[PDB]
Amino acid sequence: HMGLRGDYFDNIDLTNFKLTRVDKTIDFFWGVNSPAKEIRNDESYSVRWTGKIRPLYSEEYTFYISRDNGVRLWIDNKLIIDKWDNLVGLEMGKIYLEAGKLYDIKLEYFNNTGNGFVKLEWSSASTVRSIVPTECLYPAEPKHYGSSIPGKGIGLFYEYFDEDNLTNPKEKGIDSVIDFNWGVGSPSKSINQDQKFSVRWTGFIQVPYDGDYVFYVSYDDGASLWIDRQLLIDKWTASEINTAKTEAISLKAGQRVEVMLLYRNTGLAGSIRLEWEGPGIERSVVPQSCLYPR
Ligand SMILES: [Ca+2]
Ligand SMILES: [Ca+2]
Ligand SMILES: [Ca+2]
Ligand SMILES: [Ca+2]
């Protein structure tokens, strides 16, 4: 097989996996739209490509990247282009390689609003500058993503607001999990891209195992968490990047815990994650399987 394995993530930071596929070459121009139907069309996404690269010659290779936005490129486990930033780069790194030998390649990429593109070229004394071609790329095996916790959940209900104070609603729906890092983007193109917006998630968490749980909310820059109509985390005006947690709560398998999670961005970047720890559950995003909208 030819190409590299692309793992596509719904956030700017290589979190919240939505799709793996084999891409024949790294040569993408996405405009302001998503790379794939599985990735929310909100202008905040990221990709990791992994596999092997086979040069034809025993020569110093130059790798060229065109990027919007950030890229990191490792060849033979050496980071040769380290450009994980919000600029637009039209980037080089050099490395000596041996003819016919297979080398590791890893390329990480993000889009943080606006246009998204990434193109990988190479040259050497005997290699005319070109897109790195498919016949020189071999895809990695898929890495598994996703929780082992079973259950019939489908997500929480969401309401997206154009103001930072839970007003001017623009969209509603279901979010599979609460694991978001939009950078300076909004949760949907229906929400103006001004870094001042808010979200209400509602529904129920159905508990998988008898024992004690702690909920963690990591936010930029305000959040409040209601559990069974008790306000357990009151950080609405915290205007900071931080994490907060509940006390331990004894819960039973099958118990339905009513949840209301309020979130806001008031400027610059925005992110929010709902995690838990529990019996047999290391601190981790509360999974879709345990989230219900009603
Ligand atoms: Ca996104
Ligand atoms: Ca961009
Ligand atoms: Ca706004
Ligand atoms: Ca912020």
Side-chain angles (χ1 to χ4, degrees), residues 7-20 38-40 46 48 141-160 172-182 187 198-220 222-236 238 240-264 270-272 274-294:
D7 291 324
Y8 290 73
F9 298 92
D10 236 4
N11 296 320
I12 65 158
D13 64 347
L14 306 163
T15 69
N16 201 14
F17 172 84
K18 300 294 178 181
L19 177 71
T20 191
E38 290 82 4
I39 293 289
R40 185 88 62 95
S46 57
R48 180 182 295 114
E141 305 301 309
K143 176 175 182 177
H144 166 72
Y145 291 89
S147 176
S148 69
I149 302 171
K152 303 306 173 182
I154 64 173
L156 294 176
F157 197 76
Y158 74 76
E159 296 162 272
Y160 298 161
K172 60 188 186 293
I174 293 171
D175 276 321
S176 296
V177 294
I178 315 308
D179 186 19
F180 288 101
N181 181 353
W182 302 277
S198 56
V199 182
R200 173 164 59 220
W201 287 283
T202 57
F204 292 82
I205 304 167
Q206 193 156 24
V207 172
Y209 312 119
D210 288 357
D212 279 19
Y213 293 74
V214 172
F215 297 95
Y216 299 82
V217 177
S218 300
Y219 55 90
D220 172 347
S224 291
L225 182 70
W226 295 79
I227 291 295
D228 290 331
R229 306 188 187 166
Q230 298 293 327
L231 177 60
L232 301 186
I233 297 172
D234 185 6
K235 293 291 174 174
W236 190 240
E240 62 178 354
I241 305 165
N242 217 325
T243 297
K245 65 184 175 37
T246 67
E247 300 301 301
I249 304 168
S250 176
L251 297 170
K252 303 299 187 195
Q255 179 170 352
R256 278 165 45 89
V257 176
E258 191 180 310
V259 58
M260 180 180 296
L261 175 62
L262 300 325
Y263 165 72
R264 69 204 309 201
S271 58
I272 174 85
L274 178 65
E275 295 179 301
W276 59 3
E277 109 180 74
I281 301 167
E282 311 293 325
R283 182 173 166 181
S284 52
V285 167
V286 181
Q288 182 178 38
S289 62
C290 294
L291 295 173
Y292 296 78
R294 294 289 201 82

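When a residue number appears, it is its place in the shown sequence, counting from 1. Basis for what follows: all heavy atoms, side chains included, without hydrogens, waters or symmetry-related copies.
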Exercise. Roughly how far, to the nearest 0.5 Å, is CG of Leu261 from CG of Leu225?
Worked result: 5.5 Å
Exercise. Can any side-chain N or O of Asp10 pair as donor or acceptor with the backbone N or O of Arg40 at less than 3.5 Å?
Worked result: yes
Problem set entry | Minimum-distance pair of heavy atoms, taken over all atoms of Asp210 and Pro279 |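 What the structure gives for the nearest pair is O-CG, 3.5 Å.
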For this session: First locate atom OG1 of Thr243, then atom CZ of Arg283, and finally report the distance between them rounded to the nearest 0.5 Å.
Result: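 CZ of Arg283 is found 5.5 Å from OG1 of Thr243.
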Problem set entry | Heavy-atom pair with the smallest gap, counting every atom of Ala253 and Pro208 | CB-O, 3.7 Å
Exercise. Which value, rounded to the nearest 0.5 Å, describes the distance between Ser218 atom OG and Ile178 atom CD1?
Worked result: 13.0 Å
Problem set entry | Heavy-atom donor-acceptor pair, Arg256 side chain to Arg294 backbone, under 3.5 Å | yes
Exercise. Is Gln206 reaching over with its side chain to a backbone N or O of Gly254, donor-acceptor style, under 3.5 angstrom?
Worked result: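 A pair under 3.5 Å: yes.
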Problem set entry | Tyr160 and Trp182 aromatic centres sub-6.0 Å |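 No; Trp182 has its ring centre 6.0 Å or more from that of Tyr160.
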Exercise. Hey, does the side chain of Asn11 reach the backbone of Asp179 with a donor-acceptor pair shorter than 3.5 angstrom?
Worked result: yes
Exercise. Could you state the interatomic distance from CG (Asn16) to OG (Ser176), rounded to the nearest 0.5 Å?
Worked result: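 The OG atom of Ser176 is 8.0 Å from CG of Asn16, to the nearest 0.5 Å.
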Exercise. Do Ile272 and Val199 have side chains that get closer than 4.5 Å, going by heavy atoms?
Worked result: no
Problem set entry | Heavy-atom closest pair, residues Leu14 and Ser46 |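 Of all heavy-atom pairs spanning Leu14 and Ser46, the closest is N-OG, 2.8 Å.
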For this session: Verify whether the ring centers belonging to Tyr145 and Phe9 lie closer than 6.0 Å.
Result: yes
Problem set entry | Distance-minimising heavy-atom pair for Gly270 and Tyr263 |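 Taking every non-hydrogen atom into account, CA-OH, 3.3 Å.
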For this session: Supply the atom-to-atom distance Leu274 CG to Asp175 CG, rounded to the nearest 0.5 angstrom.
Result: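 Separation between the atoms: 12.0 Å.
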Exercise. Is there a side-chain contact between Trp276 and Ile149 (heavy atoms, below 4.5 Å)?
Worked result: yes
Problem set entry | Polar side-chain atom of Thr246 near backbone of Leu232 as donor-acceptor pair, under 3.5 Å | no
Problem set entry | Shortest non-hydrogen contact between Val285 and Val177, atoms and distance |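 In terms of heavy atoms, the two residues are closest at CG1-CB, 3.9 Å.
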For this session: For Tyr292 and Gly153, indicate whether the former's side chain and the latter's backbone hold a donor-acceptor pair under 3.5 Å.
Result: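 Between the backbone of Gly153 and the side chain of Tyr292 there is a qualifying donor-acceptor contact (under 3.5 Å).
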Exercise. Which pair of heavy atoms, one from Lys235 and one from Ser224, lies closest together, and at what distance?
Worked result: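 Heavy atoms only, the tightest pair is N-OG, 3.7 Å.
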For this session: Please indicate whether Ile241 has more than 12 foreign heavy atoms, meaning atoms of other residues, nucleotides or ligands, lying under 6.0 Å from its CD1.
Result: no
Exercise. Would you say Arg264's side chain and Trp236's backbone share a donor-acceptor pair under 3.5 angstrom?
Worked result: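 Side chain of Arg264 to backbone of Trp236: a pair is present.
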Exercise. For the atom pair CD1 (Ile39) and OH (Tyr8), what is the distance rounded to the nearest 0.5 Å?
Worked result: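 The CD1 atom of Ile39 sits 9.0 Å away from the OH atom of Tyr8.
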For this session: Determine yes or no for a side-chain-to-main-chain donor-acceptor pair under 3.5 angstrom, with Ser284 supplying the side chain and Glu282 the backbone.
Result: yes
For this session: Take atom CD of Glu240 as the centre, draw a 6.0 Å sphere, and report whether it contains more than 12 heavy atoms from other residues, nucleotides or ligands.
Result: yes
Problem set entry | Passing candidate, side chain to side chain donor-acceptor pair (under 3.5 Å) with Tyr216, options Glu275, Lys245, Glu277 |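 Running side chain to side chain donor-acceptor pair (under 3.5 Å) over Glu275, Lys245, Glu277 with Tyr216 returns exactly one hit, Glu277.
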Problem set entry | Any donor-acceptor pair under 3.5 Å from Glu258 side chain to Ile227 backbone |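 Not a single qualifying donor-acceptor pair exists.
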Exercise. Any side-chain heavy atom of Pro293 sitting closer than 4.5 Å to one from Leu156?
Worked result: no
Problem set entry | Side-chain heavy-atom pair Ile205, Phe215 within 4.5 angstrom cut-off |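 Heavy-atom side-chain distance check passes, below 4.5 Å.
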